[PDB]
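Student: sequence unknown, structure follows:
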């Protein structure tokens, strides 16, 4: 019998994990969908819970030996409801979805028939692929393959959801399901208006709270559970848990449908097999923490840090999509600054500032993203405050200046020409990038980081 | 800053995990889809890899900061190919699927249009729900909602796939995709015959090797890659890795279709979002082990142990479906013994023997399965040999005798009647169950268990 | 062998036809979709052409004996092209559709896949039901069952197609097909604007000219063939042919599609069997006449007569949707007059004036149509001129006044209670209706009626 | 205005009808689906009923109105029920379908959802295309586009429907609708066995009696109304009416569905616009005649004539599919004679014998049909008896002999080369064809032909 540790069993994987750990510690991790989960969550996820098959629901399993798995799943469900301040007679929860996308697809499967109509926020306006996405030449999202999705849009001149136009187009298109929630929407959502619009056409109403779940849990943002029928979420991002998903649903019939029975059946036996109990373990851990005063303080700090960063970017004369943010993220419209997000993302990454390019309202080309998305959750977890997020803004500004300089110096007009130029060993702004990286890492490495 | 460990942060979850670890340790785990993953796999799965967003493929991501994630995913893909002895110019692999069910649904999304025709082994005859399942009342599986599935069946008198009838029904139904592979099939599959049948109608041909992947990697069973276009698998079960999935595909065009592009696009952006890099890390670890001489020895012992158990059960005059097994599992037809699998499963579980009820070909009641499925992988991993599996058969036989005695003594005629009776504190065979449990636990606890 | 004439073979059917001759002679037929076909058409329709099976296309049939049927179909195609002034190198035609709805469904089948998206004018705004129609809880049109339809609407303040809103909703919905044409639209269509909008989303563009085909043939209205890809039509309404349909199509590839082969294959073998050669014979007859100067004079009289009626109704203080008409019909909004179209239709019918109740923009419910649709083609065929159409307006006005008086005598608010009151044998406005009927019949019986 | 007769209005169309009348008079019309309708039917179809409006789109249901009452339609319905010996409390009928194929499609639309499963007799084994047909390359029938069709087949050794295999394949495929009836099946149908099989999967059961309706009305063949839920038919073929269709249905709920409401709504407004009252007029006329003793004698003569022909063809050493016929047609397997149906059909057409090439069970390709379909109804209508049908068999045999001689003179295998050879002005078997044609026409012209 041999059961070596990772350093003994697999030096290459061990080494790679160590490099990634090294990278996380010294980088400014500004991806709005990333966080740093706890040592406790990691210990539950890296446990023997992975070994068990438990298809079905607690007390209602296909296989034997599930006494402790059932205790865990019941505990996890109770903590999910408690974290979002829900009465268990009004709301149920399924904690088995493997991720945010499968959670959404299970909802669609539960309440819609194939080719039924869905409306969600348009992808280039801050939406998520799983709410539907079609190009001129293909159905890109599985949502747009199996269902008939039509987007609603921001007023491109403002960067806020055009509720009046949604009202008009919903009346014409007659969706069965309207989805609120977004991947890159910097403002809070008018949930009352979504309800009015859904009722106008007898639609189901869902909130995908993946990006804002912890802010909702901490009552920093408005509560979608006051207005919607169904709520989906990832358990990573805002909630700072393991990689997984959850679906919350009203237990009272909605449009004559028992959502509990429909959603549970869609998850299993509909779409998934055995639950990932190791993940469910981690989720229960994170949901306990979600109820704590420290988590509430953390989420308020998230929004204060994003505000500090936004204000300083604006002082450097950047334009923000929608003019600001009410949440954990900001979208910088780089077009007025004379550059795009693809170019800026690469230079910033080379200096250990990690974020992503993001499309901006008005972008001519989907293949050239006009902006960058920046989030505060991950570095807020590490204990950075408002002053440090102002420094982050200055470091970003320095990075964008380097990117602008690199753009002018590259002869080629194409994004790929920019990439070849910056990655070449004769790249002439290497020392400016190193100087920036030195400052970035000098900030990041002053702070602890959670994990095993 | 506070980053307590699990015992400190969440005593309730910590205690549950300890109880589950110990239950696994003192039980005979005979669920054919269960195994005990390694310490090294758990270490990778419980690492900081969980923190990274990396939508896309290596070298082509939608976020910064992916240097090390890309190294890991490339390593994982190259190990997957090596474990199955595949030339990378002819075979590709996607290691992102979240589990076996999403792996399969991604394949269907890649190569089929909604409502295209699929044939898989019937669920009551050892098939998996993800290959399609409909009752008289409804479409149960997502596969049967979004696609048009029609089963192929065993010859009910032999328990072997009725290849002649599949030939005839494929010619009539004209499936776009034929699926080989099963959850509870005790024999090797005639892949050459599947290729003949697929070609007769121009169908794509897939193998779902979830239950047999390790046996294939070790060359104990026949290689499906000699005959099929696409192979899907869970990474847990036979491969003894983390909970996840993989899809392998030919890189030469099949029926005019670029499978690489189709399958990769179906996984992302089609159906999933960010890959679970912690799982991918664990997968890379298990795929290294899968190539080792010890893994080959293990897989040969799995088959030898199943054979030792089967033969001893036959000495106790149990009937096996198909007359035996070529693999890691056996199906006991309990009907001639005068009992069903639902009843036997529960008593065995009370005695710390975990297996599952299973439908037998010819079962009249879908609700009341006539058999049990027993697998050797998990206890083989702990180091049990043929003598010990012979003792397992005796203990099972002892449990079935208790179950028969229990079935006789309960007045109630339904399964739920049997359950209430066996769980009553005045249950008259409790001492027989406890005595059996002592013997079971006295055997199990002689062997170590892997994991952290 | 006996082959009696109808009067001997079937006295009851002969009697029914004689009654119908009487009804046609005595009545003012103002149903905008009705007309009177010629004796010559009727003699072709009532011939031995009905005996022949001729599946396929001329010179390419699946039945022998089709030399003369081939002759006829080619002649019919030649005449259809000449009647609409079309270059046969640029346009083809299929003359086999059995009616307008199946003609439209054949087009959809040819160029779309099931559940592809279609936009047509909303039924309650005077659209054709076969362009798509769904209520709050059912898909009523087959078009809306098999395809995904979303309407476009009139500007309610002008009664004209809201082209600006169509431009916006098309961009969001992304129809594969946009349909122009209407059952109750009193204006010509901006084909250039439809082309612009279609091109903005890469849609096919079709005109359904069923109601206006003769006006188009006579160059009274704009030519859709200057801008659209596909034109469908009935043969009975405006062309004064037999009951049937035709589909015209570009012969140059449109969006990579050979419309000729696609359309021909959808008609047969896709949706229909053997062509109705008696109908095709009658159609050929009417298409000869459609080229004549007298047909052109007739179509100009149609519009002049509608103008005369429209102007006199406005003198009687009726509101017309869109303030008038460019074509053969008026849509009268009766809401300001204090009564609905269902009550008025019935009273007018009792007085031998046949027309249709019709929804009007701004109506709350389809159950209470606010208007009546009135058309000049049928009575223009009989020889009525502008002065006689002014007299018709006066007669309609008398009928509306009787309806208002009747309404005041009915206790209920339900349309059924009105119907019961006005049909009751002692209905106290019987003398008024009788007096109006005498005026109506005294106008009608001054004019002959074509036919055998 | 003018109202010229056809000879004056359109001498070209008049000349074509003159030619077709002569062709019908001079030829042996042996197409099994053809017949000669009566003068009385033609007089009704060629009447002012074409200008009658009964109902039109959008229809009374749209406005929430009552059932439309029409004297001619009611008469037609009463006569249809009477002709088939049906109790009107148990059966209803819709007489509005425009032909057989749209009648069938309306049934599917009424009782099925898109992509629901249908089984019908395979096209190459004598099925009808509207029951479903797909090649390896494409969905040819609209039925197979909008629904999921799977065929059932004949036992190729007997030429009879393989009821045992249908039982098996229905249990696997689980159709929602099973269709009985055929275009080229020479035997009666075991309706009791279809009912048994339909009930085994909870399927609706329909009979398409288009080819055999008159034999059913006359009690020559078994009554499908004893067993099925729905019966469709053409009105032209066996009933000898105008070109049209009908749908009969049970009035008691079937599988919880009100068939009356469903079917009526699918026909109109679902799939068609207003009824064709001229056709309904002709239908009423033929349904009166269908109740007469003379019609019953006629239908018995149809069977006797087919038997005389069949027996004489066997004397000439032709093989008949199924070894004979119970009905109005025979399917001759020409493979033992060394020639295909396409070549034979052509030569026979040249000698004024009109019939159809037809696939034979066991043919390798649909591109080379192995047989010919020959029917007695049309020439039976003209007054031919058994002796004359024996002469017809002799004349067919002469034409087959000519075809074989022609085949030997042609260089190569391509049917086009055969066609060019036989149509060449100096075709060297022209005198043999002319001598046969003279015999054919000398027989045909002894008999009158019905019609105006």
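Tutor: Happy to help now that I have it. Numbers count the residues shown, from 1 in each chain, chains lettered A, B, ... in the order given.
Student: Got the phi and psi for residue A:60?
Tutor: Phi and psi for residue A:60, reported as degrees, to the nearest 10, are phi -150, psi 50.
Student: Next: the one 10 residues further on.
Tutor: Residue A:70 adopts backbone torsions of phi -60, psi -40, taken as degrees, to the nearest 10.
Student: Kindly report the same for residue A:247.
Tutor: With angles defined as degrees, to the nearest 10, residue A:247 sits at phi -130, psi 130.
Student: Beta-bridge partners for it, please?
Tutor: Note on residue A:247: beta-bridge partners by DSSP bridges are residue A:94, residue A:232.
Student: Surely it and residue A:100 touch.
Tutor: No - the pair residue A:247 and residue A:100 fails to qualify as a contact (Cβ atoms under 8 Å) at a distance of 10.2 Å. Using the backbone N, CA and C atoms, a C-beta is placed for each residue, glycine as well.
Student: Now do the shared contacts for those two.
Tutor: Residues touching both residue A:247 and residue A:100 by Cβ atoms under 8 Å, 6 or more residues apart in numbering or on different chains: residue A:232.
Student: Burial check on whichever residue of the stretch 251-400 of chain A sits closest to chain D, number of neighbours?
Tutor: Of the stretch 251-400 of chain A, the residue with the smallest distance to chain D, taken as Cβ to the nearest Cβ, is residue A:256 at 17.7 Å. Around residue A:256 there are 5 other residues, counting by other Cβ atoms under 10 Å in any protein chain shown.
Student: Quick check: it vs chain B, distance?
Tutor: Per Cβ to the nearest Cβ, to the nearest Å, residue A:256 is found 17 Å from chain B.
Student: What residues does chain A have near chain C?
Tutor: With Cβ under 8 Å from any Cβ of the partner chain as the criterion, chain A meets chain C at residues A:115, A:117, A:134, A:136, A:148, A:150-151, A:153, A:168-169, A:172-174, A:202.
Student: let's go with 10 Å and repeat that
Tutor: A:114-117, A:119, A:122, A:134-137, A:148, A:150-153, A:165, A:168-169, A:171-174, A:201-202 (Cβ under 10 Å from any Cβ of the partner chain).
Student: Can you say which of these are buried?
Tutor: Among those, those buried by neighbour count (16 or more other Cβ atoms under 10 Å in any protein chain shown) are A:114-117, A:119, A:122, A:134, A:148, A:150-153, A:165, A:169, A:172-174, A:201.
Student: Restricted to strands, list these.
Tutor: Here DSSP state E is the test, and those give A:117, A:119, A:148, A:150, A:151, A:152 as lying in strands.
Student: The residues of chain A next to chain C: which ones sit near chain B?
Tutor: A:114, A:115.
Student: about what we covered before: quick check, nearest of the ones in strands among the buried ones among the residues of chain A next to chain C to chain D?
Tutor: Using Cβ to the nearest Cβ, residue A:148 comes nearest to chain D of these, at 13.2 Å.
Student: Just flag the most distant two among the ones in strands among the buried ones among the residues of chain A next to chain C.
Tutor: Largest separation among these by Cβ to Cβ: A:148 and A:152, giving 14.3 Å.
Student: Can you name the residue of chain A nearest chain B?
Tutor: residue A:46 (1.7 Å).
Student: so that residue sits right up against residue B:38, yeah?
Tutor: No - assessed by Cβ atoms under 10 Å, residue A:46 is found out of contact with residue B:38, at 11.4 Å.
Student: Need the residues touching each of those two.
Tutor: Shared contacts of residue A:46 and residue B:38, defined by Cβ atoms under 10 Å, 6 or more residues apart in numbering or on different chains, comprise B:44, B:242, B:282, B:451, B:452.
Student: got a list of what the first one touches?
Tutor: Contact partners of residue B:44, counting by Cβ under 10 Å, 6+ apart, are A:6, A:9-10, A:13-14, A:16-17, A:46, B:38, B:72, B:241-242, B:277-286.
Student: Which members of the residues you listed are positioned in helices?
Tutor: Under the assignment DSSP state H, the contacts of residue B:44 contribute A:6, A:9, A:13-14, A:16-17, B:72, B:277-286 to helices.
Student: Show me which residues of chain A are close to chain D?
Tutor: Proximity of chain A to chain D is confined to A:113, A:114, A:115 under the rule Cβ under 10 Å from any Cβ.
Student: and of these, the nearest to residue C:178?
Tutor: Nearest to residue C:178, judged by Cβ to Cβ, of the residues of chain A next to chain D is residue A:115 at 20.0 Å.
Student: out of everything not next to it in sequence, what's closest to that closest one?
Tutor: Sequence neighbours aside, residue C:115 is the residue nearest to residue A:115 in space, at 4.9 Å (criterion: Cβ to Cβ, 6 or more residues apart in numbering or on different chains).
Student: quick one: the residue of the stretch 251-400 of chain A closest to chain D from residue D:119, how far?
Tutor: According to Cβ to Cβ, to the nearest Å, residue A:256 and residue D:119 sit 33 Å apart.
Student: How about residue A:34?
Tutor: Distance of residue A:34 to residue D:119, given as Cβ to Cβ: 54 Å.
Student: And residue A:16, by the same measure?
Tutor: Counting by Cβ to Cβ, the gap from residue A:16 to residue D:119 is 56 Å.
Student: And for the nearest residue to residue A:84 once chain neighbours are set aside, the neighbour number?
Tutor: Spatial nearest neighbour of residue A:84, excluding adjacent residues (Cβ to Cβ, 6+ apart): residue A:217 at 5.8 Å. By other Cβ under 10 Å, the residues close to residue A:217 number 25.
Student: And for residue A:324?
Tutor: With other Cβ under 10 Å as criterion, residue A:324 counts 16.
Student: Verify the stated contact: it with residue A:309.
Tutor: No - using Cβ under 10 Å, residue A:324 makes no contact with residue A:309, being 11.0 Å away.
Student: Now do the shared contacts for those two.
Tutor: Joint contacts of residue A:324 and residue A:309 (Cβ under 10 Å, 6+ apart) are residue A:330.
Student: Return the residues in contact with the residue in the stretch 251-400 of chain A that chain C sits nearest to.
Tutor: For the stretch 251-400 of chain A and chain C, the shortest gap (Cβ to the nearest Cβ) falls at residue A:255, measuring 11.1 Å. By Cβ under 10 Å, 6+ apart, the contact set of residue A:255 is A:111, A:176, A:202, A:203, A:204, A:229.
Student: which of those residues count as buried?
Tutor: Buried, going by 16+ other Cβ under 10 Å: A:111, A:176, A:203, A:204, A:229, out of the contacts of residue A:255.
Student: right, and the pair among those residues with maximum separation?
Tutor: Put simply, by Cβ to Cβ the two of the buried ones among the contacts of residue A:255 set farthest apart are A:176 and A:229, 11.8 Å from each other.
Student: tell me, what's touching these two both at once?
Tutor: The contact sets of residue A:176 and residue A:229 overlap at A:111, A:203, A:204, A:255 (Cβ under 10 Å, 6+ apart).
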